[PDB]
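*Asks:* Below is the structure I would like to discuss, written out as C-alpha cells.
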Amino acid sequence: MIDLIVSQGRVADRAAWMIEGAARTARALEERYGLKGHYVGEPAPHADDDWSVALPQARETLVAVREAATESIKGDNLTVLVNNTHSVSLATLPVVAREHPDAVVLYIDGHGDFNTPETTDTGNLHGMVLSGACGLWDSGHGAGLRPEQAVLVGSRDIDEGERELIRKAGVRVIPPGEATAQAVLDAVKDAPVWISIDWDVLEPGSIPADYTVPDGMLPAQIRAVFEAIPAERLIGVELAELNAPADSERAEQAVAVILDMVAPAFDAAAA
Ligand SMILES: [Mg+2]
Ligand SMILES: [Mg+2]
Ligand SMILES: [Mg+2]
Ligand SMILES: [Mn+2]
Ligand SMILES: [Mn+2]
C-alpha cells in the first residue's frame, strides 16, 4: 500500500550529496517496509548555476518523476517521493493539484521558496519552487496549485520581497514555535493532504541539508504532524534535501531519525 519513487537525477543540486541522501533514505524505507523503489534520473555533477541553466538540464528527470507520480496518485497507494532536491516538487505539485484540486499542501520548510525570477537575489531554482507550482511564474512543468491551499510550516527565513508575494497570493505561514498539531489541523481542516518536507526546516545539527538556519522545528514536531493527519486524508509525502555522504555517521543517524518522524504515516500505509 506504499508506492516509493526516488529521484536520482540532478535537479539544480548545488550540494554534493543530495542524490546520495535520497538513495540512503529510500533504501532504509525499502528495508523497513519491504518496498521496491522506482529510481528515476541519471546523476550529474552539482554546480552553483542560475535557475535558467539548471531547470532546462533537469527536464528529463522531472518528466520521469511526473510520469511515475501521476500513475501512483491515480491509484490507491500512499505516494512516497524521496527527492534529492526540493526542486523536484516543480513536477509533483502540479500533478497533486490537478488530481486533488481540494488538497491542502503542507509545505514544511525553513524558507518560503516563493521568489520569482524578478525577486530572486541568488538565481537558486530551489527558492522559486512553491511560487512555480502556484503559477506566479512559468516553470514549464505546469502550475494550478491555489496558493490559498498551500501552507508554509516552519518557515523562519523569508525575504521582504518574498513575504509580499506570500501575503498577496494568500499562502498561510505557521512559524516553527506555533507548528503544533492544533495549528496544522486548523490549516488543513477537512481537506485531503499532501506533505512536502525540506529537512532544512529542522533545528541545525540533526539532519544535514544545503541551508543552515537557526530556531527551527524539532524532529518530534514533524512526527506530531504525521501522527495528527488522519490516514484516510493523506494523499502522499515528499521528503527532500538530505545532504548526507555515502557510508557516513550523518547518513546512518539522519535516516534513523527520518524513519522515526514518518513512522506514524508509513506504518498505517504499509499494513
Ligand atoms: Mg555539500
Ligand atoms: Mg525545459
Ligand atoms: Mg490514496
Ligand atoms: Mn528550505
Ligand atoms: Mn525548500
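Simple scheme: letters A, B, ... for chains in C-alpha cells order, numbers from 1 for residues in each chain, numbers from 1 for ligands in the order shown.
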Taking only C-alpha atoms and all ligand atoms and a cut-off of 12 Å, can you tell me which residues surround ligand 4, written as a VMD selection string?

*Replies:* chain A and resid 85 to 87 107 to 114 124 to 130 152 to 158 196 to 203 208 to 214 216 239 to 242

*Asks:* Find the residues near residue A:42: any atom within 9 Å, counting only C-alpha atoms, skip ones fewer than 5 places away on the same chain, and give them as a list in words.

*Replies:*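 Result of the neighbour search: residues 7, 8, 9, 10 and 61 of chain A.
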
*Asks:* Export C-alpha atoms of the chosen residues as a compact mmCIF listing (two decimals), in the first residue's frame?

*Replies:*
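again11.txt was written with the following content:
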```txt
# COMPACT_ATOMS: atom_id res chain seq x y z
CA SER A 7 14.73 10.92 -7.82
CA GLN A 8 18.43 10.27 -8.67
CA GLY A 9 18.76 12.86 -11.48
CA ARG A 10 20.23 16.35 -10.88
CA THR A 61 14.34 13.79 -14.58
```

*Asks:* Could you list, as number ranges by chain, all the residues within 12 Å of ligand 3, counting only C-alpha atoms and all ligand atoms?

*Replies:* A: 1-3, 71-80, 96, 99-100, 103, 192-194, 230-237, 269

*Asks:* Would you mind exporting the chosen residues as a PDB file, in the first residue's frame, restricted to C-alpha atoms?

*Replies:*
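So the final result, stored in selection09.pdb, reads:
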```pdb
ATOM      1  CA  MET A   1       0.000   0.000   0.000  1.00  0.00           C
ATOM      2  CA  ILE A   2       3.091   2.342  -0.278  1.00  0.00           C
ATOM      3  CA  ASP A   3       4.449   3.426  -3.706  1.00  0.00           C
ATOM      4  CA  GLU A  71       0.428   6.736 -12.060  1.00  0.00           C
ATOM      5  CA  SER A  72       0.742   6.356  -8.216  1.00  0.00           C
ATOM      6  CA  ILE A  73      -1.533   9.376  -7.410  1.00  0.00           C
ATOM      7  CA  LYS A  74      -4.260   7.996  -9.798  1.00  0.00           C
ATOM      8  CA  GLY A  75      -4.079   4.732  -7.732  1.00  0.00           C
ATOM      9  CA  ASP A  76      -4.939   3.607  -4.182  1.00  0.00           C
ATOM     10  CA  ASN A  77      -1.422   3.527  -2.604  1.00  0.00           C
ATOM     11  CA  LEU A  78       0.224   6.174  -0.402  1.00  0.00           C
ATOM     12  CA  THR A  79       2.517   8.031  -2.829  1.00  0.00           C
ATOM     13  CA  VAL A  80       6.023   8.467  -1.270  1.00  0.00           C
ATOM     14  CA  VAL A  96      -1.247  16.734  -6.942  1.00  0.00           C
ATOM     15  CA  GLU A  99      -5.667  15.101  -9.415  1.00  0.00           C
ATOM     16  CA  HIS A 100      -6.664  16.594  -5.989  1.00  0.00           C
ATOM     17  CA  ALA A 103      -5.940  19.100  -1.483  1.00  0.00           C
ATOM     18  CA  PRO A 192      -7.114  15.729   1.654  1.00  0.00           C
ATOM     19  CA  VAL A 193      -3.420  16.415   2.472  1.00  0.00           C
ATOM     20  CA  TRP A 194      -0.093  16.384   0.585  1.00  0.00           C
ATOM     21  CA  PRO A 230      -5.662  11.016   9.529  1.00  0.00           C
ATOM     22  CA  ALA A 231      -4.523   8.098   7.277  1.00  0.00           C
ATOM     23  CA  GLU A 232      -7.776   8.427   5.213  1.00  0.00           C
ATOM     24  CA  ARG A 233      -6.801  12.093   4.416  1.00  0.00           C
ATOM     25  CA  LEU A 234      -3.109  11.629   3.456  1.00  0.00           C
ATOM     26  CA  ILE A 235      -2.511  11.563  -0.359  1.00  0.00           C
ATOM     27  CA  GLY A 236       1.266  11.318  -0.226  1.00  0.00           C
ATOM     28  CA  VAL A 237       4.531  12.557   1.230  1.00  0.00           C
ATOM     29  CA  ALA A 269       0.022   2.759   4.915  1.00  0.00           C
TER      30      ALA A 269
END
```

*Asks:* Using DSSP on the backbone coordinates, identify all residues within stretch 32-218 of chain A classified as helix (DSSP H, G or I); present the result as a ChimeraX atom specification.

*Replies:* /A:32-33,51-57,59-74,86-99,125-133,147-149,160-169,176-178,181-188,199-201

*Asks:* Kindly compile the residues surrounding ligand 2 within 9 Å, counting only C-alpha atoms and all ligand atoms, and format them as a list in words.

*Replies:*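 Residues lying within 9 Å of ligand 2: residues 55, 56, 57, 58, 59, 60, 139, 140 and 141 of chain A.
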
*Asks:* For a quick check of understanding, using only C-alpha atoms and all ligand atoms, which of A:248, A:52, A:84, A:243 has the smallest distance to ligand 1?

*Replies:*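 Among the listed residues, the smallest separation from ligand 1 belongs to A:243.
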
*Asks:* Which residues are near ligand 1 in this structure, taking near to mean any atom at most 9 Å from a ligand atom and counting only C-alpha atoms and all ligand atoms? Format them as a ChimeraX atom specification.

*Replies:* /A:14-18,46,209-210,243-245

*Asks:* Write out as number ranges by chain which residues come within 8 Å of residue A:228 when counting only C-alpha atoms, dropping same-chain ones fewer than 2 positions away.

*Replies:* A: 181, 185, 224-226, 230

*Asks:* Which residue gives the smallest distance to ligand 5 among A:134, A:88, A:187, A:97, with only C-alpha atoms and all ligand atoms counted?

*Replies:*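 Ranked by minimum distance to ligand 5, first place goes to A:88.
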
*Asks:* I'd like the interatomic distance between atom CA of residue A:122 and atom CA of residue A:20, to a tenth of an Å.

*Replies:*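 Between atom CA of residue A:122 and atom CA of residue A:20 the gap works out to 24.6 Å.
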
*Asks:* Could you tell me how far atom CA of residue A:4 sits from atom CA of residue A:22, in Å to one decimal place?

*Replies:*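 Atom-to-atom, atom CA of residue A:22 and atom CA of residue A:4 are spaced 11.5 Å apart.
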
*Asks:* Mind checking which residues fall within 8 Å of residue A:95, counting only C-alpha atoms, ignoring those fewer than 5 positions away in the same chain, and posting them as a list in words?

*Replies:*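 Skipping anything fewer than 5 positions along the chain leaves residues 66, 69 and 70 of chain A.
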
*Asks:* Choose the residue, out of A:131, A:67, A:94, A:62, that has the smallest atom-to-atom separation from ligand 5; count only C-alpha atoms and all ligand atoms.

*Replies:*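 The answer is A:131, which sits nearest to ligand 5.
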
*Asks:* Can you work out which one of A:271, A:222, A:133, A:44 has the shortest atom-to-atom distance to residue A:257, counting only C-alpha atoms?

*Replies:*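 Selected residue with least distance to residue A:257: A:222.
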